[PDB]
Amino acid sequence: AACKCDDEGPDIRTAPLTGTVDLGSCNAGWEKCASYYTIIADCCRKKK
């Protein structure tokens, strides 16, 4: 699911709705763009 993000890897505050709703913590490659979102869910964008 598509999620609102603030920290798009290198180019941090550019493109808001980017991140995907991931569970807790992200694998290397998936850059924590909204590190925490809800309950036990976080939002990451792949490399960008």
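Method reported for this entry: solution NMR.
Here the Cβ of each residue, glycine as well, is placed from N, Cα and C on the backbone.
Only one of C33, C43, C44 is recorded by Swiss-Prot as the disulfide partner of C26: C44.
Rounded to the nearest whole angstrom, the C-alpha distance between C43 (disulfide bond) and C33 (disulfide bond) is 6. Under the three-state DSSP scheme, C43 (disulfide bond) falls in the strand class.
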